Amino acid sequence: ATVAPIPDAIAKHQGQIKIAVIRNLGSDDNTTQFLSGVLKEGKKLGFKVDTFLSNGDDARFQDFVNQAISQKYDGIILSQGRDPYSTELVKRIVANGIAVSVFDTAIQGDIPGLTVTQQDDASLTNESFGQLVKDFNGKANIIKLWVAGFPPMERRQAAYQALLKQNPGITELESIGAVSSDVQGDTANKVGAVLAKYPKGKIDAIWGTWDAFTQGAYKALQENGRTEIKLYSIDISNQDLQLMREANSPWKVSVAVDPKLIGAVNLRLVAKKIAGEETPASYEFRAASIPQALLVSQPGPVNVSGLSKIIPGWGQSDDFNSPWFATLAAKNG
């Protein structure tokens, strides 16, 4: 019936609240969706959101963060910050009075005022790689698509190694993957050469730990006539949904969180911090397992936004949705 008042620290601010988002990747589909979610949520709240991508170059990541600190942004969001530098970088953000939330970032210890956010990487693995195990009855020659050194990657690899220990008839032939400006093409080329080393019958499945990798493997399977190999992925994007619907498509499952929600929630967290509202030390997003047959059953293409119509509760959460967000949205549009 009545309107929740805008918190004073937002109401009294000189000009727009300004947020910097620095993500340690290039323009892959996951990234593209994450940035879209931060931007949309910030726009809802009347915030200026400035976004920066390092292309995976940790030096450029650091320079971007350091410049945002010097510019005195009201808040900062980091994504995919690595060791060794991310902890001291975040400590410097906090020391400068800048509100901060991080996603998939390496943080040692407890930094007061920080929220650290992540997906349930063990569950992403158990559901995706575990489907592979179930489908092959514990016996398969696989390729893994994976890159070292990122927090989600190291947690997925630990969960994966536990499943290999449980199922000794799963043989990892090779692991492939790098971050570059063309992950799809690079992966596709690399998978093409692995396909040449292990002809038809010698590979059963591929586990892709990031859908940028799986997209490239998919292209390689199609172009090389190797669609007898089945694909199991983490992440989702509009492209992946189309690929699961193509003729002869080997893309069996994606286990995923909507990256737009991840972006939005990190914004919500920074908004609460600027407002002076309690926020937790940690927060974990929950994923859904998306089977190919679901998508094949639809009457035409489905985008990620559309998944809510066929996956109850997809991409939605009330977590950190303060009642004054509605007020701000009205005060802006």
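Start at 1 with the first residue shown and count on from there.
Set 301 to 309 against 49 to 57 and average the Cα temperature factors; 301 to 309 ends up higher. As recorded in the PDB entry, 111 to 119 is the stretch of 111 to 119 and 257 to 265 with the greater mean C-alpha temperature factor.
The maximum CA B-factor among the listed residues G138, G216, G75, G208, taken from the PDB record, is found at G138. In the PDB entry, the Cα temperature factor peaks, among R155, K230, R245, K197, at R245. In the deposited entry, the Cα temperature factor of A212 places it in the lowest third of its chain's modelled residues.
In the PDB entry, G26 places in the lowest third of its chain by CA B-factor. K165: CA B factor lies in the highest third for its chain, per the PDB record. Compared with the other modelled residues of the chain, the Cα B-factor recorded for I17 ranks in the middle third. For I274, the recorded CA temperature factor ranks within the middle third of the chain's modelled residues.
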